[PDB]
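Using the authors' numbering, the letters of the first sequence correspond one by one to residues 2 to 82.
Report on the structure given below.
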Amino acid sequence: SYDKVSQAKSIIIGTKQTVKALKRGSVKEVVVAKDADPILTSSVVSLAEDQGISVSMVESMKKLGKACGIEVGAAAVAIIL
RNA sequence: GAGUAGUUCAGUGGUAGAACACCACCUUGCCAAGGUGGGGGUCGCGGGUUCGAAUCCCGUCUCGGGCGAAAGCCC
RNA sequence: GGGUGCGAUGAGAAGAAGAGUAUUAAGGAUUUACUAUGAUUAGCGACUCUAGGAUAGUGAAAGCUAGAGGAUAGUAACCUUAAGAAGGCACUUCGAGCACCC
Ligand SMILES: [Sr+2]
Ligand SMILES: [Sr+2]
Ligand SMILES: [Sr+2]
Ligand SMILES: [Sr+2]
Ligand SMILES: [Sr+2]
Ligand SMILES: [Sr+2]
Ligand SMILES: [Sr+2]
Ligand SMILES: [Sr+2]
Ligand SMILES: [Sr+2]
Ligand SMILES: [Sr+2]
Ligand SMILES: [Sr+2]
Ligand SMILES: [Sr+2]
Ligand SMILES: [Sr+2]
Ligand SMILES: [Sr+2]
Ligand SMILES: [Sr+2]
Ligand SMILES: [Sr+2]
Ligand SMILES: [Sr+2]
Ligand SMILES: [Sr+2]
Ligand SMILES: [Sr+2]
Ligand SMILES: [Sr+2]
Ligand SMILES: [Sr+2]
Ligand SMILES: [Sr+2]
Ligand SMILES: [Sr+2]
Ligand SMILES: [Sr+2]
Ligand SMILES: [Sr+2]
Ligand SMILES: [Sr+2]
Ligand SMILES: [Sr+2]
Ligand SMILES: [Sr+2]
Ligand SMILES: [Sr+2]
Ligand SMILES: [Sr+2]
Ligand SMILES: [Sr+2]
Ligand SMILES: [Sr+2]
Ligand SMILES: [Sr+2]
Ligand SMILES: [Sr+2]
Ligand SMILES: [Sr+2]
Ligand SMILES: [Sr+2]
């Protein structure tokens, strides 16, 4: 969802970033873009799978990272509550 | 008057020079830079002159320019 | 504040390599190449010798081409010592602006 990423306090941007923060385990939820290359998106849902955290799925990796504040759009972004 | 190496330029009768680019090694993470080495040229083309022609001479092609009624002519 | 180019497919910083390398110096060492020079006097023009070429004049010997052989330095290649770097991609954390222009 985009209201929830717009939302909140502590969020996480870029995919190397979600992945690194995934092995920390202090993320509450993680949201990802379907238009993205599945080469990377693979690598965020495998372990957001294994861990147990809810994964949701996005249309465009572009309005995602307008939601984030960035003026560029992101392929993976995590709300680390 | 312009014409010479990929390009930009020199070269004012003694076999064609520089930069830059291209090749090779340095140099296996991949480049760039660098430092060495090497390659490459009917001097637009054909004559003539000369021991020798990028050089001077005549013809010829292209291109700029100018004189001209043109044909032509000059740089 | 304006105009562009790029950025979570990673802006930008730092670390880490790079590397005790390239290299500048002080030596050591005396072979390989690279280049530079070859008394005077003729001569525009000469390290020596060989073969071809080709030769008008000057010359003891001439400009091309292909080889081979000589000393003087200057060089880069091997050693020692003291000094000795660096830009980008890629690595490694932090993670959003950086670059050109008025
Ligand atoms: Sr921006
Ligand atoms: Sr030309
Ligand atoms: Sr000229
Ligand atoms: Sr190479
Ligand atoms: Sr180079
Ligand atoms: Sr060279
Ligand atoms: Sr050369
Ligand atoms: Sr050369
Ligand atoms: Sr050719
Ligand atoms: Sr001829
Ligand atoms: Sr002749
Ligand atoms: Sr001729
Ligand atoms: Sr004319
Ligand atoms: Sr007229
Ligand atoms: Sr992109
Ligand atoms: Sr960077
Ligand atoms: Sr750095
Ligand atoms: Sr360093
Ligand atoms: Sr490194
Ligand atoms: Sr290395
Ligand atoms: Sr070290
Ligand atoms: Sr004298
Ligand atoms: Sr003399
Ligand atoms: Sr002399
Ligand atoms: Sr000789
Ligand atoms: Sr011989
Ligand atoms: Sr002979
Ligand atoms: Sr004679
Ligand atoms: Sr003679
Ligand atoms: Sr020779
Ligand atoms: Sr010497
Ligand atoms: Sr050394
Ligand atoms: Sr790589
Ligand atoms: Sr800078
Ligand atoms: Sr102004
Ligand atoms: Sr102004």
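For each residue, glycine too, the CB sits at the ideal point set by N, CA and C.
Which two residues bound the contiguous alpha helix (DSSP H) that contains residue i?
{"i": "residue 50", "result": "39-52"}
{"i": "residue 68", "result": "62-68"}
{"i": "residue 24", "result": "Where residue 24 is concerned, there is no enclosing alpha helix (DSSP H), given that its DSSP letter is neither H nor E."}
If contacts are defined as beta-carbon pairs under 8 Å, then residue i and residue j qualify, I think. What distance do you get, rounded to the angstrom?
{"i": "residue 33", "j": "residue 80", "result": "Actually they are not in contact, since the Cβ atoms of residue 33 and residue 80 sit about 12 Å apart, beyond 8 Å."}
{"i": "residue 12", "j": "residue 75", "result": "Actually they do not touch by this definition, with Cβ atoms about 10 Å apart."}
Would you mind stating whether residue i and residue j have Cβ atoms separated by less than 9 Å?
{"i": "residue 44", "j": "residue 20", "result": "yes"}
{"i": "residue 28", "j": "residue 37", "result": "no"}
{"i": "residue 41", "j": "residue 3", "result": "no"}
Could you check where the beta strand (DSSP E) with residue i kicks off and where it finishes?
{"i": "residue 28", "result": "Here residue 28 belongs to no beta strand (DSSP E), and DSSP marks it neither H nor E."}
{"i": "residue 57", "result": "56-59"}
{"i": "residue 77", "result": "77-80"}
{"i": "residue 71", "result": "No beta strand (DSSP E) contains residue 71, which DSSP labels as neither H nor E."}
How would you label residue i, buried or exposed, when you count the other beta carbons within 10 angstroms and need 16 or more for buried?
{"i": "residue 26", "result": "exposed"}
{"i": "residue 9", "result": "exposed"}
{"i": "residue 58", "result": "exposed"}
{"i": "residue 50", "result": "exposed"}
Any idea what DSSP makes of residue i, helix, strand or coil?
{"i": "residue 34", "result": "strand"}
{"i": "residue 6", "result": "helix"}
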